[PDB]
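Q: okay, here's the opening piece of the assembly, coordinates as they are in the complex:
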Amino acid sequence: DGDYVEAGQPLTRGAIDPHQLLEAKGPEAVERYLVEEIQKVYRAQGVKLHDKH
Amino acid sequence: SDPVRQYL
Amino acid sequence: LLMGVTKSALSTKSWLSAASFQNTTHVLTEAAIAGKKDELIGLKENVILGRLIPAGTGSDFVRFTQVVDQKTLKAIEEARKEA
Amino acid sequence: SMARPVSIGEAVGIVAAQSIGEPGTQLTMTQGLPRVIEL
Amino acid sequence: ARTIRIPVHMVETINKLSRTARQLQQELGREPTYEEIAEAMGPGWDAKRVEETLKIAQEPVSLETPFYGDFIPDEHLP
Amino acid sequence: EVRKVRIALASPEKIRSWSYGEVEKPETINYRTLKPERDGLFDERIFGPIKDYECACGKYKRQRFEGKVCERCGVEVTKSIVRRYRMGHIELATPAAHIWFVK
Amino acid sequence: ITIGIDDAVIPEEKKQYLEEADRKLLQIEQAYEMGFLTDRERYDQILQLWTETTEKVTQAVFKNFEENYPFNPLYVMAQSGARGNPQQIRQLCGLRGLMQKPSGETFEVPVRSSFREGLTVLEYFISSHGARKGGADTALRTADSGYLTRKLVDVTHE
Amino acid sequence: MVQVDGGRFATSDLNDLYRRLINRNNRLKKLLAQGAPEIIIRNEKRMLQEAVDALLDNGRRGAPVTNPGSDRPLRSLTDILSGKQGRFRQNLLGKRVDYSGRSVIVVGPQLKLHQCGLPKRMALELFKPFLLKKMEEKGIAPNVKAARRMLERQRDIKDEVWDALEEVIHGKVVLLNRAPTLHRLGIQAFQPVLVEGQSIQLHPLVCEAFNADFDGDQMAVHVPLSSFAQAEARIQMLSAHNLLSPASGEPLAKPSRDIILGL
Amino acid sequence: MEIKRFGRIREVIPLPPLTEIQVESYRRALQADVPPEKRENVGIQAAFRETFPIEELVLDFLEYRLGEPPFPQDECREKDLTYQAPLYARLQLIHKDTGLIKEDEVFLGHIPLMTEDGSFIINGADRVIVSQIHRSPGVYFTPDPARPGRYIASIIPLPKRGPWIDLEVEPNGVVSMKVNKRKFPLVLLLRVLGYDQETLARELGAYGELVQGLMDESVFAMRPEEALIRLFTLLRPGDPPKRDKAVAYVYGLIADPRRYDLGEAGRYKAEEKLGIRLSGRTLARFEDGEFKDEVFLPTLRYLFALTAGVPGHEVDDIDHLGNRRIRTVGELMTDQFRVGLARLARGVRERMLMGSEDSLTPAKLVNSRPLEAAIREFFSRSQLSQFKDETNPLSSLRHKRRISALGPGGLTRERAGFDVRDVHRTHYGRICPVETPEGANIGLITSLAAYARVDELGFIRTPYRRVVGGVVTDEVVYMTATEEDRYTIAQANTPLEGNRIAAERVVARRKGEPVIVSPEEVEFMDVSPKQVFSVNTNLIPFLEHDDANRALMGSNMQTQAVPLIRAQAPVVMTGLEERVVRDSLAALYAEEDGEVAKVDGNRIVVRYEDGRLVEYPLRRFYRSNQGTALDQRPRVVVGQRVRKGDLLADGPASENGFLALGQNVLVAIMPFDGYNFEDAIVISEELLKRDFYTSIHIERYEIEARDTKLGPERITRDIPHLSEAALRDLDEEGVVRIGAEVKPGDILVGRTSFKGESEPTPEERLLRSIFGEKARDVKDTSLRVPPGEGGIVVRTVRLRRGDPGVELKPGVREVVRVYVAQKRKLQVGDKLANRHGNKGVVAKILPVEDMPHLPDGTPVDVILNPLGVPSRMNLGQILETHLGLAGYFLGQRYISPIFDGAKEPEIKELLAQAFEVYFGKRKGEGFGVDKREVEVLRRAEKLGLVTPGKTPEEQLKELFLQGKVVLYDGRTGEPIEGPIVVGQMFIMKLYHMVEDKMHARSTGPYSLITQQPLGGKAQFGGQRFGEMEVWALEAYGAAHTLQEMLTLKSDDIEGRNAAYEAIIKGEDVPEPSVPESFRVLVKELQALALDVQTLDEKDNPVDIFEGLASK
C-alpha cells in the first residue's frame, strides 16, 4: 500500500500484455520483456541459447 | 446460396 | 507497433516471400492490385527464382573477389605501362 | 560456432531461427512451449 | 459427359454392350466373357470387337487421384 | 539480368495478347487417333507442335522450317517445349468476376 | 563395465523410509477419519509426504553407491554423464514413485516397487496412464514446434 | 493428358474444370442467339459464374465441384498454388534432387572426424558421370557411351572399375543429411571412404548434432557438383570445421557415452 | 528338452479363440450356414428387412441365399481374383392394384468370404478389416464448459443413421434444441407430440424454475398440426409447409427406422440410463394418426433433475469403455451393404413408375451394380481394409485383433486430442495399455486384451472370478466396464489356500481405483495377469521389470520378426508361444487320433482311426504380402502314433509348435571399441557360418504385353541389338529359366514394342545406313532386374489371352510373372531387437578369433552395450540373460509367466546348479584356476562383488550367482579387467534390412509438370531437399551448393543437361539457367489473370521464355 510504481510496472501477478507494455513503457521495455520472458522458458529446460538469436 | 433452390 | 512473427512475416515488402509463407491468395491479390515489384532482397525470393542467394558465397561483399598469381599480375602490368 | 568475430555474409537470421527452434522438441511442463509461442 | 468425346452413335453401342453384359451377368451368376457378349450382341460381333469397344470406352483417370501423377515419368523431354 | 519481379492485373486485352488462339470446343483428344482435336484444349494449332520441328499432318518435318505455319493443318514448326509456355483463352459471352477479388 | 541385475543396489535405508511413511501416513488418516483434517488437506499432505520420501531414498541410493560401491556401473554411467540421471537410477533401485491419473492429478497410492523388484500389474497399469500421456503430448507438440520454426525462418530469412 | 503404362489415360483435373466452363459458355452463346427468356439466360449466367469460380478457386464459394462417383474436390488453380502441397512450398522452396541417395547408417569408430563410410555401390551411381570420364581417360573402356553399357549389368563390371572410382572421389566431399534438419548441422560434409556393404558409416562425434543413433536411422547423401560447391562443402560445411554450436557457442562435437565412460 | 515352468497362479479359463473378433462377427453377419427360416434379424438379413418392401406396385423380399465360391482360396491368390460367393435374393413383385405376383431369384453379385484365419483375399491380396471403436449410440449428459452450472443432453445414434441432437438450456430458462446446426425452443417440438400444458406439470412438476420455465404460451395456442407446420418452416427456408411434406421430412428425420437408427446397443443404453422401455430403435413413431413420443420427455425429465441434486442423475464419461463400443468386421461390412442396397432401392423406384406398369418381373427391375460397387468399395478403398500384415504368424494375429479409432465414422488424425488417446481406467482387462504406435497415431490404434471378448452389443468384456464370502469359485463372468464398476475386484495374485483367500488384506479395485480391503468385502477376483495386456505384450518375459515405453517397442517389433530358416523359440518364454502358433493356423495339427502313413517335403498323409486316409498338403515356400517366405515343414515320421491335436508340421517362425521369431544367441553385455556405440550391435562371424539370422525372401516381377495402335508387344527371345551372353538364361519363348541366378541388369522376360514417328531421325538413318544394318522395326522393352535386386528364379507364370480359363483386362494380350528368391544372411546394416525394446543395427561383424570368449574357449555371439540399459529402464532383458546363462549349461528352457514368473532367489538357485557344470568339469579334467581369473578376482574384490578371504571357487560362484563371468579378450588373451554379464538372449532379425533401403541416383525419371525428379526407390527417385535442408545450406552460407540444388541437380532442363555433358567431358559444370518449375509458376499465375514480370534494373521486362511465348 502507498508504494511508488513505474508506468508499465506489473500490479497483478501473471503475464504482461506486450501491447499494453509497448504503449505504457515503449519499444525498449517490450523488447527487454520479450527476450527475458522467452529465455525464462529455455533456461528452465536447461537449454543454453544465446540472447542475440 | 444454393443454385438449385434459387432456380426452383 | 508490435507484431507477432506470423503477421510480421506476411507484412514484408517481398510478396514472393509472403505468398510462399501463408495466406497465399490474400497476399497475391493485394500485391497484384498494387502492382508490387519484389526487389529480391531476402533469401526465399532468390530461392524461388533459383538465384545465388545474397548470403555466404553469395554476399556482394565477397562475391567479386579476384585471384591472380604474381607471375601473372606482373605480366599484365607491363603491357599496360606504355602504348 | 567459431569463437571469433562473425564473417560478413553470415545468414544470421536463419541461424537465429534454427537456434530457437531446434530445442523446441524437448520443452515440457502457460507453461512451456505454449508460453514461447504466446510470446 | 466424357473427357474424351465419343460420337453419339458409338455411345449408343457402348451403352448397348453395357445393358447386354448386365443382362447376361443376371442370368449367369457371373460376369460374361467377351465371347458370351459377342454372341448376344448378334451378327458381326466377335470377342475382338467387344474388347476393342471397351478399350475405347475407357474414361481417363485423374492425375490428382490420391498423388497418382507423382509416379508418372515424363517420356517426351529427353 | 533479372533483378526485380513485378506482379499486377492482366487486362482482358493482355489476356488476349498472351493467347495464341481461342479454345472454342470442350474436346480434348480424338478417341480414334488420340491426336489433339481441332480448336480443343490441346490443339497444336494454338499451343504448338507436339513433336520437335514438325507440323500435325507431317507436311513440314525438319528444322529447315522454323516459324513457318503449315497451311494444311495450321501448326507452327518449333520446339514442342512451347506446349508448356503458350497460353490460350476463352472469350466469355458475358463477363465473370474473378473470385479472388470478390471473396 | 556391465549391467547385472545385482547392480541395481537396493539401499538398506529403503525399508526404514517406507516404514516411516506408512506411520506418518497412518497419522494423516487418523486426522481424516477423526475429522481433524479435510479431504483437500489429506490429499495434499499425502502427496507432500511421498515426494519427500522419494527424495530420501534417492539420496540413499546415491550415498550408498558413493560410500560403498563407487565403481558400480549405474553409478559410474550416471556420475560421468555417460548415461542416466538420478531419477532413472532411483527407479531401478529405490522406488518408482507416484504416478499420474489420466486427468492430471496424482495417484494417492504410489508404486512402491522398483524395476529391480518388479511391479505388480496394478502398479504396472497405473503407470501406463502417465507414459501414454507423455507420448501423446510429445506427438501433438512436435507439430507446433515445427510450425513455430517455420514462422521464425520466415520472419528472419532476410 | 498422357498415356500411362497400361495404355490408359491420366488427365489433369484442370481439363474437366475447363470443359465445364466451355460447355456453359457455348450453351450461353447459343441461348442468347435463340432469344431465350430471362429466367433461362440468368440461370445460365449464374452457372457460368459458378464455373469460373470452380476453375480459379474450387470450394471457396458454394459446394466444391467433383468428378462423379468420388467425393474428391477437383484441384483448382488456387489449390495448385498454395498449401503445404502447393507449388511454392513443394516445388520452389524445396525440390527433389539428382546425385543423391540414402541408406541405413552404422557407427564407424575408426573414422577421422572429417570422414564417412560410403558404400561402393552408392558411390558408383552417385559419381556415375565422373566415373565415365575417368574410365575413358585410363582406358578401361574406349568411349564414354561404352563405359555406361559396362556398368549396366552387375556382372559386366570389372575390378579396375572400382579403382577408377577411387581416383574420381579423391579430395572431394559428399554431404550427409539426417531428418529432421532442425539446424545447420543436420547437413555436414565428409570425405567419403569407400566400403563394401550397404550401410553408411558415421562418425560417433557427429551423432549428437544429427541426433543420430543406430536403432535404424538412415541418412541422405548428396554430391556437390561444381568446384564452387566442392569448395563451400570443404571449407564451410566440413564436420571438423564446425565444432562449436552456433546457438550457445559451446562444443557440439564432444565426448559422449563410451568415450566418456572410458576416460 | 527339460522345460522348467514357474508361477503359482492357477489360470482357470484359457484364452478365447484369438481371432473370434473377426471370425464370429462375420459368420454372424452372413449366416450362410443357417437355414433362412431360422435366421435372426441381424446383419445381412436385417439390411434386407430395412430396405424392403419398396413402395412405388410393391416389390418385396423373401429370403437370400449364398452360393459356393467360384474358385478356391489358392486359385484366387494365384489369379488376382477376389475370394467371394454369389448372392441371390428371392423377390416377388406384388401389384398393389391387381394382385399380380411375378416371383424370381435375382443375382445381386458376389460377397467376399472370410478365410479360416479371419482374413480376406481381395484381388489375390490378403487383407484384414481392422475393428473400429467409436462413441456408443445412446443418451449422454455432459457439462457445459461455457456455463459451469448447466449441462447439455446429447442423443447420438449409430453413424450416418441419424443426426446428433443437443438440448442446451439457453440463458433464459426454457430448454433449446440444436439439430443439424440450427436451434429453436424445444417447446414447439414437444407440442407436436401432442403434449398439453397439464402433462408437463403433471409428468414433470417439481422445478418451477424449469418445469414452468419451459411452458411458453404463444406456442401452446395451436394444435399438433399447427405446430408441425411451424417447425417445418423453422428448418427449411424455401419449402412450403405442406402437411404431407412436413410429416414426410420430420418422420424420416426422427421417427423412420430407415434414415434414423439408434443401434441395438443404443436402445439398451437409453433404456437403462432413463429407466424406460423403448419400443423401437428410434426417437418417435407414427401411430394411429399422429406422432407418439418415446425419448424426448424421458431425456428432458432427466436433464432437468440434474440441474438439481437428484439421485441417479450423473454426467457420463464419454471415454468410459461402457460408452464406447467396437464395430467388428460384420458391422462394418453390413453398413456398406445397407448403403449399396438403398441405392439399388433408389433405382427400383425410378424403374417402377416408367416402363409398363404391369409388364415387370423382378429380374429386369433390379440392377445389381450399385450394390456390387459399394461392397467392392469397402474392401478396396476403405481405411479399415488394410493390406494384411503377414510378416510372420504373429503379424497377422496381431493385425486382426487391432482396434482403430480413425476411419469412416470415427475420428481423424487432426480431429483427435488428448482425451481419446489416454488409457482409461476401464481399459483394464479389455484394451492393452502398452500396444500402440509411437508417433502421430498414439492412443488411436490399440489391441484387444488377451482374455477380452466383444459382446453382441459391441462392448468389450473381460473375465472375473466370483468370490463368495472368502471362497473363490471356478465360475467365470464376463463384464462390461459398467458392470465391473459395481464390484470390489481383488487382484490375480492374492494368496489362496486352495479355493480360499489366504490373506488378511487383499489388493482390490473399486471402479478402477486401487483399494486395500479385507477378504470379507471381495466380490470378484482377476482371472490372470494375462487378461490386462495384449498378445504381443504377453510374449515379453519379465515384463514386470520393464519400462512401459520400452515394452511398447518390444511388443511392436515382434510383429516385424522375419521368419528365419533356423528359427527357434526363446529360452525364456511366457507360456503363450504355443497358443499363438495354434490360433494363427500357420502350423498343422491332427484332426483325430491315428497313425501317420506317408511323410514328404510336399505332403503328409494320416491313416486316422476312422479308417479314412486324409492327406494334408503343405504350404511350401509361398511369398507373403511383405515377401517373407511362408513355409510349412513336416515334424512327424512314417508310422508315428499321433493323438488328437498333435503337431504334424511347423509353420514359419515356429519350432515344434512354439512361436520362433528369432534366435537364442550367447550375448555379452560390455562396451566394444565403439562398434557398440549408441545402440549399434556387434556380432560374431560364427552366426553367419551356422546360418543363424538367415531368412528367405521372394520378390515378384510382373510384365504385360498389350495391343497398341502401333503394333502388338511381344514376349519374344529375339531382342534387337543384343548379344547371346545377355540372353543365355532365357528359354525358347523369352522367359528366364527356372533356377537361374539373376543379377541387376539381367533380362528376366524379353519384350519388344514398335516405335512411333520416332521412326529413326535422319542422323540415326545415316548412322544405320553406314553400318550395313537397317533400323529395326521394334525396340527392346524387356523386364530387367532393378538396382540392388536379384536372386534365383523359382517360378514363372504365363497367362495369355486365348489359353483356356484366362481373360485379361481390355487390350492386354499376355501377362508374365517371375518369382525370384534370395537367401538372405545377416549383414552390416540389418536391424536386430529383443522383446524388451533393445533394438540396434549390426555395425560390425568380427571374426570368431576377435570375439570375447569364456575361459573354456567358448566365444560369445553378440556384444550388446550396457549404456543402453539405465536410461531405457528395460531390466527384463537383464533377468532374461541371467536365467539364460543357467539354461545354457543346464540345457534348459524356462516358462516364466508374466508378473508371476521366476523371481531372483529361484534364478540364483539355477545359476548355482549351472556353476557346477561350468566349473565342476574343469577341476576334474585336470585344470585348476587361471592366473588371469585370479587377477580379475582381485579387481572384483575391490568392486565389492566377491567376499574377501574365499577360495577362487567360492569367489567365481559368487560372480556366477550375479550372472557375471570371467571373459578373455580374443585379440590379446588378457582378461576383461572386470567380470562381464554373459548369458543367452532371444534376439529377432527385423524386417528392416539394408538391402531394402540402400538407394542412390545420378540422373533418372523426371516428373511431368515440374520437371523435378521422381521420388522413391522403386521409381529410381531422387531425394527430397526440402525447406529445412535449404535452410541448412542458407545457414552455412553455401550459396553455390544451394543454387546447384535448385537448378542443375533438379529442374534446370538447360543447365542439368549441360552439367552432365561437362562431367563426362571433364569440364567444370556450367552456370545454371532458370528452373523450369519457376516457368510453371509464372504460367500458372497467368492462368489466374495475374501478370508476372521479370524485370532488369531499368524496370524493362526480361523474357524467361526466350521468345517462345510471345507472338
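A: Nice, I can see it. Residues are numbered from 1 along each chain as shown, chains lettered A, B, ... in the order given.
Q: got the phi/psi numbers for the residue of chain D found nearest chain B?
A: Using C-beta to the nearest C-beta, residue D:37 is the residue of chain D that sits closest to chain B, at 36.5 Å. Just so you know, the C-beta spots here come from the backbone N, C-alpha and C atoms, and that holds for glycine as well. Here is the backbone geometry of residue D:37 (degrees, to the nearest 10): phi -70, psi -40.
Q: so who does it touch?
A: G:144, G:148 (C-beta atoms under 8 Å, 6 or more residues apart in numbering or on different chains).
Q: can you pull out the helices in the stretch 301-450 of chain I?
A: When assigned using DSSP state H, counting those that start in this stretch, the helices of the stretch 301-450 of chain I occupy the ranges I:329-339, I:342-351, I:369-381, I:393-401, I:418-421.
Q: Among those helices, which comes closest to chain C?
A: Nearest of the helices of the stretch 301-450 of chain I (C-beta to the nearest C-beta): helix I:418-421, 24.9 Å.
Q: Return the list of helices and strands in contact with the closest one.
A: Other elements packing on helix I:418-421 under the criterion 3 or more C-beta pairs under 8 Å, 6 or more residues apart in numbering or on different chains; DSSP states H and E are helix G:121-156.
Q: For the helix it packs on, could you pull out the residues that count as buried?
A: Using 16 or more other C-beta atoms under 10 Å in any protein chain shown as the test for burial, helix G:121-156 gives G:121-133, G:135-137, G:139, G:141, G:145, G:148-156.
Q: what's the spacing between it and its chain's center?
A: 20 Å (C-alpha atoms, centre = their mean, to the nearest Å).
Q: what's the burial count for residue 21?
A: I went with chain A, as the question did not name one. Neighbour count of residue A:21, defined by other C-beta atoms under 10 Å in any protein chain shown: 21.
Q: Actually, chain G is the one I wanted.
A: 20.
Q: OK, contacts around it?
A: Neighbours of residue G:21 in contact, by C-beta under 8 Å, 6+ apart: G:49-50, G:53.
Q: among those, which are in helices?
A: When DSSP state H is applied, the contacts of residue G:21 are split such that G:49-50, G:53 fall in helices.
Q: Pick the one among these closest to residue I:399.
A: residue G:50 (41.7 Å; C-beta to C-beta).
Q: Further, place chain J onto the existing structure:
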Amino acid sequence: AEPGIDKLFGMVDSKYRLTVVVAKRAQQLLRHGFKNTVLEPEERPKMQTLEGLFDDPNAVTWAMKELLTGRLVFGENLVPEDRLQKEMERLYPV
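A: Okay, chain J now, added to the rest:
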C-alpha cells in the same frame, strides 16, 4: 580438418571470401590444365594410384595449398575482367 584451415581463415576478413578465392582459383587451374600453378614440383599435391604417385586431380586441393604459400594475391578491383582472361589464355594455352 583441412590442412592449415586456421591460417586460411586468418588471410581473409570474412570466411566466405576465402571460399570464393579458393573456388575461382580452383577453376583457373582446371581450365588451364594446371600450367599456371605457382607450386614447385616437390610441392605438387599427389595421389597414390595403383601404378604410383601422380598429380592430385582435385583442383580445390591445389588452390588451398597454393593459397598458403602466399604466391596468390586476392582482392576486389585488381584488374579488369577480360583483360585477365586474355593474358592468361595467352601465357597458358588450353
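Q: Could you re-examine the neighbour count of residue A:21 with chain J now present?
A: Residue A:21 has 21 neighbouring residues, counting by other C-beta under 10 Å.
Q: right, and it touches residue A:29 too?
A: Yes. Using C-beta atoms under 8 Å, residue A:21 is in contact with residue A:29, at 5.9 Å.
Q: Just want the phi and psi numbers for the residue most central in space within chain G.
A: Central residue check for chain G by C-alpha atoms, centre = their mean: the C-alpha nearest the mean position is that of residue G:97, 4.0 Å away. For residue G:97, the backbone dihedrals (degrees, to the nearest 10) come out as phi 110, psi -160.
Q: what sits in contact with each of residue A:21 and residue A:29?
A: residue A:8.
Q: rewinding a little: the residue nearest to the centre of chain G: what's its closest spatial neighbour, skipping adjacent residues?
A: residue G:54 (5.1 Å; C-beta to C-beta, 6 or more residues apart in numbering or on different chains).
Q: got the contact list for the one you found?
A: Here residue G:54 is in contact with G:90, G:94-95, G:97-98, G:110 (C-beta under 8 Å, 6+ apart).
Q: Which single residue in chain C comes nearest to chain G?
A: Taking C-beta to the nearest C-beta, chain C has residue C:42 as its residue nearest chain G, at 3.4 Å.
Q: Stretch H:217-233 spans what distance, first to last residue?
A: End-to-end distance for stretch H:217-233, by C-alpha to C-alpha, to the nearest Å: 23 Å.
Q: quick one: is it near chain D?
A: No. Stretch H:217-233 is not in contact with chain D by C-beta under 8 Å from any C-beta of the partner chain; minimum separation 11.8 Å.
Q: ok, is that stretch in contact with chain C or not?
A: Yes. Stretch H:217-233 is in contact with chain C by C-beta under 8 Å from any C-beta, via H:228, H:232.
Q: Could you pull out the helices in chain C for me?
A: Under DSSP H, chain C gives helices at C:5-10, C:15-21, C:24-34, C:44-48, C:70-79.
Q: Please render the ones you listed as CSV that adds mean neighbour count to the earlier fields.
A: Converted to CSV, these look like this (neighbours: other C-beta atoms under 10 Å in any protein chain shown):
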stretch, mean neighbour count
helix C:5-10, 17
helix C:15-21, 25
helix C:24-34, 18
helix C:44-48, 25
helix C:70-79, 14
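Q: Those helices: which one's closest to chain I?
A: helix C:24-34 (5.2 Å).
Q: Extend the structure above with DNA strand K:
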DNA sequence: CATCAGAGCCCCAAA
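A: Adding DNA strand K to the chains above:
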C-alpha cells in the same frame, strides 16, 4: 459474434 486459414521433416510398400 461469424468466416477463414493455419496446424513438423524425411523415407518405405501399397495403388
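Q: The contacts of residue G:21 again please, DNA strand K included this time.
A: G:49-50, G:53.
Q: Near chain D, which residues of chain A are found?
A: So chain A meets chain D at A:15, A:18, A:34, A:37-38, A:41-42, A:45, A:47, A:49-50, A:52-53 (C-beta under 8 Å from any C-beta).
Q: go again using 10 Å as the cut-off
A: Contact residues, chain A versus chain D (C-beta under 10 Å from any C-beta of the partner chain): A:15, A:18, A:33-42, A:44-50, A:52-53.
Q: Name only those of the residues you listed that count as buried.
A: Buried among the residues of chain A next to chain D (16+ other C-beta under 10 Å): A:18, A:33, A:37-39, A:41-42, A:47, A:49, A:53.
Q: Name the nearest of those residues relative to residue I:622.
A: residue A:47 (53.7 Å).
Q: What sits closest to that closest one if chain neighbours are left out?
A: residue D:23 (4.4 Å).
Q: separation between that neighbour and residue A:42?
A: 6 Å (C-beta to C-beta, to the nearest Å).
Q: Just the buried ones among the residues of chain A next to chain D: which are in helices?
A: Filtering these for helices - DSSP H - leaves A:18, A:33, A:37-39, A:41-42.
Q: Considering only these, which also neighbour chain E?
A: Okay, of those, nothing touches chain E (C-beta under 10 Å from any C-beta).
Q: for these, which one is nearest chain C?
A: Looking across these and measuring by C-beta to the nearest C-beta, the closest to chain C is residue A:18, at 5.9 Å.
Q: isn't the closest one right next to residue A:33, touching?
A: Yes. Counting by C-beta atoms under 10 Å, residue A:18 does reach residue A:33; the two are 6.4 Å apart.
Q: got any residues that touch both of those two?
A: residue D:39 (C-beta atoms under 10 Å, 6 or more residues apart in numbering or on different chains).
Q: and whatever residue of chain C ends up closest to DNA strand K, what is it in contact with?
A: The minimum distance from chain C to DNA strand K, using C-beta to the nearest atom of the strand, falls at residue C:22 (4.2 Å). By C-beta under 10 Å, 6+ apart, the contact list for residue C:22 reads C:6, C:9-10, G:150-151, G:154, H:82-83.
Q: between these, which is nearest residue H:175?
A: For these, the nearest to residue H:175 is residue G:150 (22.4 Å; C-beta to C-beta).
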